[PDB]
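Notes follow the structure.
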Number of protein chains: 2
Amino acid sequence: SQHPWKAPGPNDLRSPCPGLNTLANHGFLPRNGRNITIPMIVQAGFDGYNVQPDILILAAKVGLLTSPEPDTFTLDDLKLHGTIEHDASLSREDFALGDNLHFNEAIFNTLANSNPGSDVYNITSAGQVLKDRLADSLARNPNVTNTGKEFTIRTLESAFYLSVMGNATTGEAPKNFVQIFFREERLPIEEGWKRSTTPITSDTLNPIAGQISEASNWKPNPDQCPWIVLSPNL
Amino acid sequence: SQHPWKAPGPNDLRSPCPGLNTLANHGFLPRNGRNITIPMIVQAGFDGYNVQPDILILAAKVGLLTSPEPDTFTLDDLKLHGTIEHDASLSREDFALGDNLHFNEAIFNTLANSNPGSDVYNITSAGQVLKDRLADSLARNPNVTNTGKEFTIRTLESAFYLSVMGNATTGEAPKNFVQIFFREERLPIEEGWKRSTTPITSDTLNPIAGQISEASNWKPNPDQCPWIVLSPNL
Ligand code: HEM
Ligand code: HEM
Ligand SMILES: *[C@@H]1O[C@H](CO)[C@@H](O[C@@H]2O[C@H](CO)[C@@H](O)[C@H](O)[C@H]2NC(C)=O)[C@H](O)[C@H]1NC(C)=O
Ligand SMILES: *[C@@H]1O[C@H](CO)[C@@H](O[C@@H]2O[C@H](CO)[C@@H](O)[C@H](O)[C@H]2NC(C)=O)[C@H](O)[C@H]1NC(C)=O
Ligand SMILES: *[C@@H]1O[C@H](CO)[C@@H](O)[C@H](O)[C@H]1NC(C)=O
Ligand SMILES: *[C@@H]1O[C@H](CO)[C@@H](O)[C@H](O)[C@H]1NC(C)=O
Ligand SMILES: [Mg+2]
Ligand SMILES: [Mg+2]
């Protein structure tokens, strides 16, 4: 109740990440999306979601590469293509095709309509979505980057939405909570969402991501070396 | 005079980097080599050497990957092979062959004896040293990693010793200052070394590194993708 949802205003920077954006929209991260340090990310992920430090620390260290500042980033910086941001997102367009930053319903339609006839999204549907989103990028984006780096991140992001909106042990999440999370970047509190009472860790997320990977029918582009883009000055 | 040299004691952690180690040995960085943040690196490089932030910030952000902590590293963490630490060092052995952390005179002999008959090391001699050190690694290390990432770093490190011990405009450095720097990880103050009165920046270092690269007779291993090792837990 000390962390109400408020829509970002024009000064309030946001990322391509529903996880961080929802934390900002509740004031777990700064509402203005600016001046974010690694400890702020670690604290916010714990307080909002019961996500534990190891995975947040690595992501946040990589995220600092997107920023010219010594030890902060803004949420907008994290759009930098090829650092973390990648093609075949669940809810954003590819950088070469359109807007890699903002929620897009037409892209999200695939995830929205997944697991038809169930009340949850689960590992199986999440892998089908990864398969279909990458096939779309390969069909329409001549510049798609699809290495083990991007695929690993995509499996972890799908494990994240299942775990933070759902059950972090089983990887099942109520569809309506996932929809609100992406579309509104809001914690669905009035709708009955509760913060996980089990810690969400690398040991809970990695097995879910691995099972999603096995359900994705994936292969890498064989000619592309994985890379983390190291600065936005290129 | 408020930054005297003191040898590290057993609790005082050090890196594979003469630049950072010399800063610690003078107390510009903590003498114990522990609890180092990005702003500490930026401040220490400015105060000791007149090195400016951009290049320090990127290096320090990458250095955080070597540490399990949220926003610090120790100097010892920076030994992690394949993050920054690389084969064909000027003064350390390759990880697969021996000690990748401590100064080794037998390795340093090549740099020491370079530019025979001159009172300086310069771009030409620095490129000859890169050539000979990589040839040694290729001859003796079956596991050598030699991509554009490592070669770029090696050219910048050589530009660094020339610039901080010498003239940051020309890339010429008095031999005796460079020798003390590596062998003692000390600023050669009694010997006449003065901090650069011109700022050392990416715009001064990059042209030196580029000329060193052109004098190195380099080629990459064609089968190796450049990579930054992302954690020491692997
Ligand atoms: C706190 C827990 C987090 C959760 C639950 C979370 C969740 C997600 C999800 C589900 C996506 C995929 C969005 C899509 O494909 O449309 C995503 C993307 C992203 N996240 Fe996170 N995230 C979290 C933390 C972080 C952190 C710590 C960073 C970096 C500091 C980060 C940076 C990103 C970026 C840059 C993307 C865009 C990747 C892309 O789709 O192209 N996230 N996140
Ligand atoms: C402050 C200015 C700096 C100078 C003058 C400097 C100088 C050097 C030099 C000359 C080497 C090569 C040593 C050798 O090959 O034997 C080196 C290596 C290294 N430096 Fe720096 N450095 C500086 C800053 C940094 C920073 C900011 C980091 C990271 C936080 C860093 C991390 C390293 C590492 C890990 C190595 C080992 C690479 C290797 O030889 O395998 N240095 N440095
Ligand atoms: C994800 O949810 C789907 C839908 O409920 C599961 O697929 C069903 O599995 C049951 C039991 O095997 C079958 O009787 C149904 O016919 C399946 N339905 C459809 C529509 O495919 C799927 O098993 C779930 N995945 C996981 C990992 O729990
Ligand atoms: C680095 O120093 C060497 C040694 O002084 C320079 O090579 C000399 O260059 C002069 C002028 O061209 C010649 O007369 C000498 O015979 C060269 N000496 C040797 C021993 O090679 C070299 O030019 C310098 N490099 C740079 C970039 O300044
Ligand atoms: C999550 O699923 C696990 C495994 O089935 C179950 O034991 C636990 O009760 C579930 N969590 C909640 C809050 O229902
Ligand atoms: C460094 O070299 C430049 C270019 O020759 C010269 O102008 C400058 O005086 C030198 N610096 C010092 C401190 O001698
Ligand atoms: Mg994307
Ligand atoms: Mg080395």
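Chain letters run A, B, ... following the sequence lines, proteins first, then strands; residues in each count from 1. These values consider heavy atoms only, across backbone and side chains, with no hydrogens, waters or symmetry-generated copies. In listed order, ligands and their atoms are each counted from 1.
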- prompt: Quick check: does B:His86 have an N/O/S atom under 2.8 Å of the Mg ion (ligand 8)?
  reply: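 An N, O or S atom of B:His86 is closer than 2.8 Å to the Mg ion (ligand 8), so yes.
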Can you confirm whether something in the protein, heavy atoms only, sits under 4.0 Å from [atom]?
atom	value
atom 15 (C) of ligand 3	no
atom 22 (C) of ligand 3	yes
atom 9 (O) of ligand 5	no
atom 13 (C) of ligand 5	no
atom 5 (O) of ligand 5	yes

- request: Could you tell me the angle subtended at the Mg ion (ligand 8) by OE2 of B:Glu85 and OG of B:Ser89, rounded to 10°?
  value: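 My answer is 180°, to the nearest 10°.
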field: Donor-acceptor contact present, side-chain A:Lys149 to main-chain A:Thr83, <3.5 Å
entry: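 A pair under 3.5 Å: yes.
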query: Is it the side chain, the backbone, both or neither of A:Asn115 that has a heavy atom closer than 4.0 Å to ligand 3?
result: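 Within the 4.0 Å criterion, A:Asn115 contacts ligand 3 through side-chain atoms alone.
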- prompt: Counting each atom of ligand 5 from 1 as listed, which ones have a heavy atom of A:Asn167 under 4.0 Å away?
  reply: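 Here the atoms of ligand 5 in question are 1 (C), 2 (O), 3 (C), 8 (C), 10 (C), 11 (N), 12 (C).
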- request: Considering the heavy atoms of A:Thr170, write down every atom of ligand 5 situated less than 4.0 Å from one of them.
  value: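 By the 4.0 Å cutoff, the relevant atoms are 2 (O), 4 (C), 5 (O).
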B:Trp218 and B:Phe151 aromatic ring geometry - parallel, tilted or perpendicular at 30°/60° bounds: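 Geometry flag for B:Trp218 against B:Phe151: parallel rings.
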task: Could you check whether the rings of B:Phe182 and B:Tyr161 sit parallel, tilted or perpendicular, using 30° and 60° as the cut-offs?
output: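 Geometry flag for B:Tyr161 against B:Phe182: perpendicular rings.
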query: In terms of side-chain heavy atoms, does A:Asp47 have a donor or acceptor partner in A:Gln43 at a distance below 3.5 Å?
result: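 Looking only at side-chain atoms, A:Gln43 and A:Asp47 do form a donor-acceptor pair, the distance falling under 3.5 Å.
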message: For A:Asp132 and A:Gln128, which I'm curious about, is there any donor-acceptor pair between the side chains at under 3.5 Å?
response: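 Their side chains do contain a donor-acceptor pair, which is all the 3.5 Å distance test asks for.
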query: Does a salt bridge link A:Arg183 with A:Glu105, judged by any charged N lying under 4.0 Å from a carboxylate O?
result: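 Looking at A:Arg183 and A:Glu105, the cut-off is met.
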field: Output field: ring centroids B:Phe108/B:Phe103 closer than 6.0 Å
entry: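 Yes, the ring of B:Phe108 comes within the 6.0 Å limit of the ring of B:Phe103, centre to centre.
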- request: With atom 6 (C) of ligand 3 as the reference point, say which of A:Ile123, A:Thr124, A:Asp119, A:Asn122 has the nearest heavy atom.
  value: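 It is A:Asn122 that holds the nearest heavy atom.
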- prompt: Is the NZ or CZ atom of A:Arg186 positioned over A:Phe177's six-membered ring, under 6.0 angstrom from the centre and within 45° of the axis?
  reply: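 So A:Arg186 doesn't make the cation-pi contact.
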- request: Measure the distances from the heavy atoms of A:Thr197 to every atom of ligand 5 and state whether one is below 4.0 angstrom.
  value: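 Checking ligand 5 against A:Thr197, which is what was asked, there is no heavy-atom contact under 4.0 Å.
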- prompt: Looking at atom 20 (C) of ligand 3, what's its closest protein heavy atom, distance included?
  reply: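 Result for atom 20 (C) of ligand 3: A:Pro116 O, 4.4 Å.
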